[PDB]
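K.L.:
Contents of work_26.tsv (TSV, N, CA and C atoms) are below:
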chain	number	residue	atom	x	y	z
A	1	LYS	N	142.26	110.51	99.62
A	1	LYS	CA	143.37	109.96	98.82
A	1	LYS	C	144.46	111.01	98.63
A	2	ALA	N	145.73	110.59	98.74
A	2	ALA	CA	146.90	111.46	98.81
A	2	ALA	C	146.71	112.67	99.73
A	3	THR	N	146.02	112.44	100.86
A	3	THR	CA	145.89	113.36	101.98
A	3	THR	C	146.65	112.67	103.12
A	4	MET	N	147.96	112.51	102.95
A	4	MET	CA	148.79	111.67	103.80
A	4	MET	C	148.33	110.20	103.64
A	5	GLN	N	147.80	109.87	102.45
A	5	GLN	CA	147.24	108.58	102.08
A	5	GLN	C	147.57	108.32	100.60
A	6	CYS	N	148.86	108.31	100.26
A	6	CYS	CA	149.33	108.12	98.89
A	6	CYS	C	149.31	106.63	98.54
A	7	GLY	N	149.97	106.22	97.45
A	7	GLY	CA	149.93	104.84	96.99
A	7	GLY	C	150.79	103.88	97.82
A	8	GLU	N	150.56	103.82	99.13
A	8	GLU	CA	151.08	102.87	100.10
A	8	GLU	C	152.61	102.89	100.23
A	9	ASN	N	153.34	102.49	99.19
A	9	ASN	CA	154.79	102.67	99.13
A	9	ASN	C	155.09	104.14	98.85
A	10	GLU	N	154.81	104.97	99.87
A	10	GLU	CA	154.92	106.42	99.88
A	10	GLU	C	155.97	106.86	100.91
A	11	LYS	N	156.19	108.17	101.01
A	11	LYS	CA	157.10	108.79	101.94
A	11	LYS	C	156.52	110.15	102.31
A	12	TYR	N	156.64	110.55	103.58
A	12	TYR	CA	156.31	111.91	104.00
A	12	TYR	C	157.22	112.90	103.28
A	13	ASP	N	156.68	114.01	102.78
A	13	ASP	CA	157.48	115.08	102.21
A	13	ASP	C	156.84	116.42	102.53
A	14	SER	N	157.68	117.39	102.91
A	14	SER	CA	157.27	118.76	103.15
A	14	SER	C	157.04	119.51	101.83
A	15	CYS	N	156.36	118.90	100.84
A	15	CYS	CA	156.09	119.55	99.56
A	15	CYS	C	155.02	118.82	98.75
A	16	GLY	N	153.76	119.07	99.08
A	16	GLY	CA	152.61	118.65	98.29
A	16	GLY	C	152.28	117.17	98.49
A	17	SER	N	151.12	116.78	97.95
A	17	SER	CA	150.62	115.42	97.90
A	17	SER	C	151.24	114.61	96.75
A	18	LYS	N	152.14	115.22	95.97
A	18	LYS	CA	152.67	114.66	94.74
A	18	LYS	C	154.08	115.17	94.43
A	19	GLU	N	154.33	116.47	94.61
A	19	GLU	CA	155.51	117.22	94.17
A	19	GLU	C	155.95	117.02	92.70
A	20	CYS	N	155.43	116.02	91.98
A	20	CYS	CA	155.93	115.59	90.67
A	20	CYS	C	157.45	115.50	90.67
A	21	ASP	N	158.03	115.13	91.82
A	21	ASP	CA	159.47	115.02	92.02
A	21	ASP	C	160.00	113.94	91.08
A	22	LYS	N	159.70	112.68	91.38
A	22	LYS	CA	159.94	111.57	90.47
A	22	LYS	C	158.68	111.36	89.63
A	23	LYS	N	158.26	112.38	88.87
A	23	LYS	CA	157.17	112.21	87.92
A	23	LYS	C	157.67	111.28	86.81
A	24	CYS	N	156.86	110.31	86.39
A	24	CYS	CA	157.19	109.45	85.25
A	24	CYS	C	157.38	110.29	83.98
A	25	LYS	N	158.61	110.74	83.76
A	25	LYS	CA	159.04	111.72	82.77
A	25	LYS	C	158.91	111.32	81.29
A	26	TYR	N	157.72	110.92	80.84
A	26	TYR	CA	157.45	110.75	79.42
A	26	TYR	C	156.11	111.38	79.09
A	27	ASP	N	156.02	112.02	77.92
A	27	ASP	CA	154.80	112.69	77.49
A	27	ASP	C	153.89	111.75	76.69
A	28	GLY	N	152.97	111.04	77.34
A	28	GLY	CA	151.91	110.30	76.67
A	28	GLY	C	152.36	108.93	76.18
A	29	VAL	N	153.44	108.91	75.40
A	29	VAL	CA	154.05	107.70	74.89
A	29	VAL	C	155.52	107.70	75.31
A	30	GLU	N	155.97	106.57	75.86
A	30	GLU	CA	157.32	106.32	76.35
A	30	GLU	C	158.43	106.87	75.44
A	31	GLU	N	158.23	106.84	74.12
A	31	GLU	CA	159.17	107.42	73.17
A	31	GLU	C	159.49	108.87	73.53
A	32	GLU	N	158.48	109.66	73.88
A	32	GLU	CA	158.64	111.06	74.24
A	32	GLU	C	159.12	111.19	75.69
A	33	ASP	N	160.23	110.52	76.03
A	33	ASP	CA	160.90	110.61	77.32
A	33	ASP	C	161.70	111.91	77.37
A	34	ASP	N	161.01	113.04	77.16
A	34	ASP	CA	161.63	114.35	76.94
A	34	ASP	C	161.49	115.25	78.17
A	35	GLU	N	160.25	115.53	78.57
A	35	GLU	CA	159.99	116.54	79.58
A	35	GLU	C	160.66	116.19	80.92
A	36	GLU	N	161.37	117.15	81.51
A	36	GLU	CA	161.89	117.01	82.86
A	36	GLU	C	160.71	116.79	83.82
A	37	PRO	N	160.88	116.03	84.90
A	37	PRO	CA	159.86	115.94	85.94
A	37	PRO	C	159.81	117.26	86.72
A	38	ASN	N	158.83	117.40	87.62
A	38	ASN	CA	158.56	118.59	88.42
A	38	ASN	C	158.24	119.83	87.58
A	39	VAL	N	159.23	120.38	86.88
A	39	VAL	CA	159.16	121.60	86.07
A	39	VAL	C	157.81	121.83	85.35
A	40	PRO	N	157.31	120.91	84.51
A	40	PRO	CA	156.05	121.11	83.80
A	40	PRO	C	154.84	121.10	84.74
A	41	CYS	N	154.93	120.37	85.86
A	41	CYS	CA	153.82	120.08	86.75
A	41	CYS	C	153.67	121.12	87.86
A	42	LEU	N	154.77	121.43	88.56
A	42	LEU	CA	154.88	122.37	89.67
A	42	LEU	C	153.57	122.53	90.45
A	43	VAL	N	153.23	121.56	91.30
A	43	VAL	CA	152.06	121.68	92.17
A	43	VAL	C	152.24	122.85	93.14
A	44	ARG	N	151.66	124.01	92.82
A	44	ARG	CA	151.73	125.22	93.63
A	44	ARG	C	151.35	124.94	95.09
A	45	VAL	N	150.32	124.11	95.30
A	45	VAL	CA	149.85	123.71	96.62
A	45	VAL	C	150.82	122.73	97.29
A	46	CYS	N	152.10	123.10	97.41
A	46	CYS	CA	153.14	122.22	97.93
A	46	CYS	C	153.11	122.20	99.46
A	47	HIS	N	151.94	121.98	100.05
A	47	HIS	CA	151.80	121.85	101.50
A	47	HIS	C	152.34	120.48	101.91
A	48	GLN	N	152.96	120.37	103.08
A	48	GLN	CA	153.45	119.09	103.56
A	48	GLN	C	152.38	117.99	103.46
A	49	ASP	N	152.78	116.78	103.06
A	49	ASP	CA	151.88	115.65	102.87
A	49	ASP	C	152.70	114.38	102.62
A	50	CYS	N	152.13	113.38	101.95
A	50	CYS	CA	152.81	112.20	101.45
A	50	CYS	C	153.16	112.42	99.98
A	51	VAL	N	154.21	111.76	99.51
A	51	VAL	CA	154.63	111.74	98.12
A	51	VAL	C	155.09	110.31	97.82
A	52	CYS	N	155.10	109.94	96.54
A	52	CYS	CA	155.70	108.70	96.05
A	52	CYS	C	157.11	108.53	96.62
A	53	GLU	N	157.35	107.37	97.26
A	53	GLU	CA	158.57	107.03	97.95
A	53	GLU	C	159.82	107.37	97.13
A	54	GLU	N	160.79	108.00	97.80
A	54	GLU	CA	162.09	108.36	97.27
A	54	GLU	C	162.83	107.07	96.90
A	55	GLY	N	162.49	106.53	95.73
A	55	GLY	CA	162.91	105.22	95.28
A	55	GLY	C	162.31	104.89	93.92
A	56	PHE	N	161.04	105.25	93.68
A	56	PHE	CA	160.36	104.93	92.43
A	56	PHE	C	159.68	106.17	91.86
A	57	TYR	N	158.97	106.03	90.74
A	57	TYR	CA	158.34	107.13	90.02
A	57	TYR	C	156.84	107.11	90.20
A	58	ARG	N	156.24	108.30	90.37
A	58	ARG	CA	154.79	108.38	90.31
A	58	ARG	C	154.41	108.25	88.84
A	59	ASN	N	153.78	107.12	88.51
A	59	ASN	CA	153.15	106.92	87.22
A	59	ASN	C	152.17	108.06	86.90
A	60	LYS	N	151.14	108.22	87.72
A	60	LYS	CA	149.99	109.09	87.50
A	60	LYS	C	149.47	109.56	88.86
A	61	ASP	N	148.51	108.83	89.44
A	61	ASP	CA	147.83	109.20	90.68
A	61	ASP	C	148.69	108.85	91.90
A	62	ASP	N	149.91	109.39	91.94
A	62	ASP	CA	150.94	109.13	92.95
A	62	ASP	C	151.04	107.67	93.39
A	63	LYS	N	151.04	106.75	92.41
A	63	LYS	CA	151.35	105.35	92.65
A	63	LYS	C	152.84	105.20	92.34
A	64	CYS	N	153.68	105.19	93.38
A	64	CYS	CA	155.10	104.96	93.20
A	64	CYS	C	155.34	103.57	92.63
A	65	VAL	N	155.87	103.51	91.41
A	65	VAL	CA	156.25	102.29	90.71
A	65	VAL	C	157.50	102.60	89.91
A	66	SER	N	158.29	101.60	89.50
A	66	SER	CA	159.45	101.90	88.68
A	66	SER	C	159.00	102.53	87.36
A	67	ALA	N	159.86	103.35	86.75
A	67	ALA	CA	159.63	103.82	85.39
A	67	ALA	C	159.38	102.61	84.48
A	68	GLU	N	160.08	101.50	84.73
A	68	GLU	CA	159.86	100.24	84.05
A	68	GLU	C	158.37	99.87	84.03
A	69	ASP	N	157.68	100.04	85.17
A	69	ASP	CA	156.24	99.80	85.24
A	69	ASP	C	155.52	100.87	84.43
A	70	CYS	N	155.86	102.14	84.64
A	70	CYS	CA	155.21	103.25	83.96
A	70	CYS	C	155.19	103.08	82.44
A	71	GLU	N	156.30	102.62	81.85
A	71	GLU	CA	156.40	102.34	80.42
A	71	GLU	C	155.40	101.27	79.95
A	72	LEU	N	154.87	100.44	80.85
A	72	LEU	CA	153.85	99.44	80.55
A	72	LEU	C	152.48	100.04	80.85
A	73	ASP	N	152.39	100.77	81.97
A	73	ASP	CA	151.25	101.60	82.35
A	73	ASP	C	150.86	102.57	81.22
A	74	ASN	N	151.75	102.77	80.24
A	74	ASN	CA	151.46	103.47	79.00
A	74	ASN	C	150.17	102.98	78.34
A	75	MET	N	149.74	101.73	78.59
A	75	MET	CA	148.41	101.27	78.18
A	75	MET	C	147.33	102.28	78.61
A	76	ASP	N	147.48	102.84	79.81
A	76	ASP	CA	146.70	103.95	80.34
A	76	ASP	C	147.54	105.24	80.29
A	77	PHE	N	148.15	105.50	79.12
A	77	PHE	CA	148.86	106.70	78.68
A	77	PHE	C	149.09	107.76	79.76
A	78	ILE	N	150.31	107.83	80.30
A	78	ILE	CA	150.71	108.89	81.21
A	78	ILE	C	150.89	110.13	80.33
A	79	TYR	N	149.80	110.88	80.11
A	79	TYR	CA	149.71	111.98	79.14
A	79	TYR	C	149.62	113.40	79.72
A	80	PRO	N	150.77	114.02	80.07
A	80	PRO	CA	150.87	115.43	80.40
A	80	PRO	C	150.13	116.28	79.36
A	81	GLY	N	150.56	116.19	78.10
A	81	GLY	CA	149.90	116.79	76.95
A	81	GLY	C	149.83	118.32	77.05
A	82	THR	N	148.85	118.81	77.80
A	82	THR	CA	148.72	120.21	78.17
A	82	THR	C	149.42	120.39	79.51
A	83	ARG	N	148.78	119.92	80.58
A	83	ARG	CA	149.36	119.82	81.91
A	83	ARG	C	148.50	118.88	82.77
A	84	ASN	N	148.35	117.62	82.33
A	84	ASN	CA	147.71	116.54	83.07
A	84	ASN	C	148.76	115.48	83.44
A	85	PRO	N	149.69	115.78	84.37
A	85	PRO	CA	150.83	114.91	84.64
A	85	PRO	C	150.37	113.62	85.32
Represent the structure of the file as C-alpha cells.
P.N.:
Amino acid sequence: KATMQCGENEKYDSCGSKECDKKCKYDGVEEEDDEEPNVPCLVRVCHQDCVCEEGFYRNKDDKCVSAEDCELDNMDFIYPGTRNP
C-alpha cells in the first residue's frame, strides 16, 4: 500500500509515498484548520512514489478526497496531535 499503490485517484511524484503536500490541514477537529500542510509532517523518506492526486487532499492514509470530504471524515478524526498526520 502506497508503494506506487496509493488511494487510486493518485499521481506519481518524485517525493515520498505521501509528501503531506495537500495534507488535510486541520488538527483533529475541523475548527483547528490552523497547521500548514507538509511542514508539520515532512516525510524524510521522500523517495519517488505515488502521492494523492494534484487536485484533492490526503485525508489520512493517502486517500485523495476533497477537504470537504475530510471535514466529514472528521468522524475518524484526522488528528496530527503530536505528529500522526
K.L.:
From a DSSP pass on the backbone, collect the residues of chain A flagged as alpha helix (DSSP H) and hand them back as an MDAnalysis selection string.
P.N.:
chainID A and resid 67:73
K.L.:
Measuring atom to atom with all atoms listed in the file, identify which of A:34, A:49, A:68, A:54 is nearest to residue 5 (chain A).
P.N.:
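With all atoms listed in the file as the atom set, the closest residue is A:49.
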K.L.:
Between A:3, A:50, A:9, A:83, single out the one closest to residue 65 (chain A), counting only N, CA and C atoms.
P.N.:
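Once distances to residue 65 (chain A) are computed over only N, CA and C atoms, the minimum belongs to A:9.
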K.L.:
Tell me which of A:20, A:72, A:67, A:29 sits closest to residue 85 (chain A), counting all atoms listed in the file.
P.N.:
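Smallest distance to residue 85 (chain A) is found for A:20.
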K.L.:
Of the candidates A:33, A:21, A:53, A:27, which one gets nearest to residue 7 (chain A) if we count only C-alpha atoms?
P.N.:
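Between A:33, A:21, A:53, A:27, the residue approaching residue 7 (chain A) most closely is A:53.
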K.L.:
Interatomic distance between atom C of residue 76 (chain A) and atom C of residue 60 (chain A)?
P.N.:
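Rounded to one decimal, the two atoms are 9.8 Å apart.
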K.L.:
Put the listed atoms of region 31-47 of chain A in a box along x, y and z with 3 Å added on every side and give me the centre and edge lengths in Å to one decimal, as lines of an AutoDock Vina configuration file.
P.N.:
center_x = 155.9
center_y = 116.0
center_z = 87.5
size_x = 18.0
size_y = 24.4
size_z = 34.7
K.L.:
For CA of residue 66 (chain A) and CA of residue 45 (chain A), determine how far apart the two atoms are, in Å to one decimal place.
P.N.:
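Separation between CA of residue 66 (chain A) and CA of residue 45 (chain A): 25.1 Å.
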K.L.:
Out of A:59, A:44, A:11, A:37, which residue has the shortest atom-to-atom distance to residue 71 (chain A) when counting only N, CA and C atoms?
P.N.:
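Residue with the minimum atom-to-atom distance to residue 71 (chain A): A:59.
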K.L.:
With distances taken over only C-alpha atoms, which of A:16, A:40, A:22, A:2 is nearest to residue 64 (chain A)?
P.N.:
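Using only C-alpha atoms, residue 64 (chain A) sits closest to A:22.
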K.L.:
Take CA of residue 48 (chain A) and CA of residue 24 (chain A) and report the distance between them in Å, one decimal.
P.N.:
21.0 Å
